[PDB]
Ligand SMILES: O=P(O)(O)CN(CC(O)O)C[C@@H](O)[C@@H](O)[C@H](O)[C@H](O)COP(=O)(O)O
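The chain below stands alone and is given in structure tokens; this is the form solved without the ligand.
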């Protein structure tokens, strides 16, 4: 039973391979910031030996009250990824929202992304299916792990067969999330063993990020999705919860030590 491999350029994402890191920032506030964030990951990844795919949103549909920061915009966001690609030579992953945006971004970036709230959006999926580019389906909090087959299927049909599934926790009562460590296996299985990744920062709507991401890794995953900010405190708002840049390295040492140890175990069968 081999794992499906979805490659992003010279990067091979798979459940038995060493974990990739889809780190980055939440939104593209400014390049002076993006560049600084994207500067620390690369340096750290490169130094520690972990594949990496910078991530950032050039748009926001989940903000509150219209008189707010939408984001750079598709036309001004794409321009920012360009400069980063050249200056750093790393892959870019971003999310989309409308069926049209799909192709534009596909050119500019390596791994596009389907938001949870839109996971069941046939039109936007088919249109994202066209591009042929790699896809990251974030798993809605209101959907059980064993249903991710339909989304992978609807994508195959669209002609696209390069998909990663991302988990960000499940609804646990009112206003709360809990990550079921058992849904990872369920997702691998119903997905033709497609790559599964953990979005730790989303799963935490704290000093908790670490303990949770260790757990996630010990299960054995293809990747790890995360976000960080130079100054979480003052720039704190809502949505996710970023990691403190200055802690990137000592945190990622934890992951590798886990991901390497685990990715190298003699297959076990508690089944019988």
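Residue numbers count along the first chain shown, from 1. Between two forms, the rigid core is defined as the largest C-alpha subset superposing within 1.5 Å.
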query: How many residues sit between residue 205 and residue 206 in the deposited sequence but have no coordinates: none, 1 to 3, 4 to 9, or 10 or more?
result: 10 or more
- prompt: Comparing 119-127 with 172-180, where is the mean C-alpha B-factor higher?
  reply: 119-127
- line: For 6-14 versus 255-263, entry-based mean Cα B-factors point to 6-14
field: Out of 227, 231, 32, 211, highest CA B-factor residue
entry: 32
- line: Per the deposited entry, the peak Cα B-factor within the set 192, 195, 145, 72 goes to 72
task: Consider only the C-alpha atoms of the modelled residues in this chain, order them by B-factor as the entry records it, and name the third containing residue 91: lowest, middle or highest.
output: highest
message: Using only modelled residues of the chain, where does the Cα B factor of residue 223 rank: lowest third, middle third or highest third?
response: middle
- prompt: By the record's CA B-factor, is residue 200 among the lowest, middle or highest third of residues in the chain?
  reply: lowest
query: Hey, what third does residue 63 fall into on Cα B-factor, ranked over its chain?
result: highest
query: By the record's CA B-factor, is residue 36 among the lowest, middle or highest third of residues in the chain?
result: highest
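Not on display, but discussed next: the form solved in complex with the ligand.
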field: Any non-hydrogen atom of residue 247 within 4.5 angstroms of the ligand in the deposited bound form
entry: no
message: Test of understanding: in the deposited bound form, would residue 40 fall inside 4.5 Å of the ligand by heavy atoms?
response: no
- request: Report yes if any heavy atom of residue 46 sits within 4.5 Å of a heavy atom of the ligand in the deposited bound form; otherwise report no.
  value: no
Contact test in the deposited bound form: residue 88 vs the ligand, heavy atoms, 4.5 Å: no
- prompt: 243, 50, 217, 27: which sits within 4.5 Å of the ligand in the deposited bound form by any heavy atom?
  reply: 27
- request: Would you point out which of 181-189, 116-124, 145-153, 79-87 contains residues with a non-hydrogen atom within 4.5 Å of the ligand in the deposited bound form?
  value: 116-124
Residues 15, 206 and 253 all lining the ligand in the deposited bound form, heavy atom within 4.5 Å: no
- prompt: Judged by heavy atom distances of 4.5 Å or less, which residues of 233-264 approach the ligand in the deposited bound form?
  reply: 234, 235, 238, 239, 240
field: Mobile residue between the shown form and the other one, C-alpha criterion 2 Å or more, rigid core, from 234, 70, 47, 247
entry: 234
